[PDB]
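Notes follow once the structure below has been shown.
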Ligand code: NI
Ligand code: NI
Ligand code: NI
Ligand code: NI
């Protein structure tokens, strides 16, 4: 203290980065390559484990550029002080399934991914490459008092 | 202090639970049974009232297991220090309305609910039973300074 | 300190408001009039700039009444201590694109907007007027320790 322990669970994992002095969170990288078609849901593995101390919670949340440009929706996960397992990114491709087809996948910048081997995809499908910035981790202090039942509130 | 007051508004309400030492939030239970079809929006009542003190905000947020497994999307509500009313869960069934039908409802674990009385439902419909863990409450300290307008930023 | 600097970037910008003593956040107003059809994504400009000090993060988040009543989904943006640019609201009209038409737009209260000049819109389209409360800003303390890689966690 004040130090957060980080455990890499595979060779695909990458150490989170907080480059600027002013930055609030840590860049979280994907440890796997996954293709998400319209409406598809998944929990993307980071192969990263952290030991958040008591009196804090980690917010594994979306990234500003990715969430604004793409239909990829990350549900902010609340990381407990007592969770030492693999950090998973709760994600949904919120693009509508209009049953149309295209030869182009989309990257996390919403650009068309040009392939030399031509394949057929559902329109609005995204590919997340291994090692890409898709999320960030912001840790905040928490207040956890012992609950007391009342019939009416005082003051 | 440090104690949070909790008020139960009906016999359907349940006292929030923070079982583990390390846990950041309190399990929030539903006080009503509701069936949400695709795209349907609702505010589910908890029949629970809290008196968060000044200098804090309550985050009435989604649950890790429910949000990952089901298309049920909870918008994290910001609970003011001056809100003593019924806590409502802002929820949407984000499952697409593909106009298909099935005889099975889905629980908060995304399992098919087997009924003895056969009924016809829209595909992707969920049922939330009374007294089920659907949300959690995480309270965090806040910073609220008196605003000052500037033409340029200093340092 | 304790004071947050606010910079207005145009005549369309409005000073954020924290009216009640108990309120956790500041009302954020739109600086532009925009019509969002089903599934459409945009970053609405506030023309407001803030200088959050180090050791804090700003949560530019949804509003309780708007998010519950309308299909307008705001992704909570994490505002760094080192961001002095225009605050943008990351928004999506999550209403399904069922290819139906209506003569009525919808306001942020989900009411039909009556026009004297009759126009044809896609069903589930919303209009956000300039100067309307669409979001709020909640600032919270953060914990940013220097990371240390471990092979196993201690205690
Ligand atoms: Ni090849
Ligand atoms: Ni029966
Ligand atoms: Ni959707
Ligand atoms: Ni006119």
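Residue numbers (this note's numbering), protein chains in the order written: chain A, 1 to 155; chain B, 1001 to 1155; chain C, 2001 to 2155.
Each residue gets a CB set at the ideal place from its N, CA and C atoms; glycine is no exception.
* residue 2149/C and residue 15/A look like a contact to me (Cβ under 8 Å); what is the Cβ gap, rounded to whole Å? -> 6 Å
* To do: For chain A, find out if any of its Cβ atoms is closer than 9 Å to the Cβ of residue 1067/B; answer yes or no.
  => yes
* Asked: Does the beta carbon of residue 1096/B sit closer than 9 Å to a beta carbon anywhere in chain A?
  -> yes
* Should residue 2109/C be counted as a contact of ligand 3 given a C-beta to heavy atom distance under 8 Å? -> no
* Residues sharing a beta bridge with residue 2121/C, DSSP -> 2102/C
* Asked: To the nearest whole angstrom, what separates the beta carbons of residue 90/A and residue 77/A, a pair I think is in contact under 8 Å?
  -> 5 Å
* Asked: Going by Cα to Cα distance, which pick from 143/A, 56/A and 69/A is closest to residue 124/A?
  -> 69/A
* Which same chain residues, not among the five before or five after residue 137/A, have their C-beta less than 6 Å away from its C-beta? -> 25, 26, 28, 58 and 60
* Do residue 2096/C and residue 1096/B have their CB atoms nearer than 9 Å? -> yes
* Asked: Ordered along the chain, which non-local residues of its own chain (more than five positions away) have a Cβ less than 6 Å from that of residue 13/A?
  -> 31, 47 and 48
* Of all the options 8/A, 108/A and 23/A, which has the alpha carbon lying nearest to the alpha carbon of residue 126/A? -> 108/A
* Using alpha carbons as the reference points, say which of 2122/C, 2112/C and 2044/C lies closest to residue 2086/C. => 2044/C
* Whose C-alpha, out of 1022/B, 1121/B and 1050/B, is nearest the C-alpha of residue 154/A? -> 1050/B
* Asked: Going straight from the alpha carbon of residue 1110/B to that of residue 1093/B, what length do you get?
  -> 12 Å
* Buried versus exposed, by CB contacts within 10 Å (16 or more), residue 1105/B -> buried
* I think residue 23/A touches residue 2080/C, with their Cβ atoms under 8 Å apart; what is that distance to the nearest whole Å? -> 6 Å
* residue 2010/C - containing alpha helix (DSSP H), residue span -> Counting along the chain, residue 2010/C falls outside any alpha helix (DSSP H), and DSSP gives it neither H nor E.
* Interfacial residues, the stretch 11-42 of chain A to chain C, with Cβ spacing under 8 Å -> 15, 16, 18, 20, 21, 22, 23, 24, 25 and 26
* Within this structure, are the beta carbons of residue 139/A and residue 2144/C separated by less than 9 Å? -> yes
* Asked: Taking 9 Å as the CB-CB cut-off, is residue 2/A touching chain C?
  -> yes
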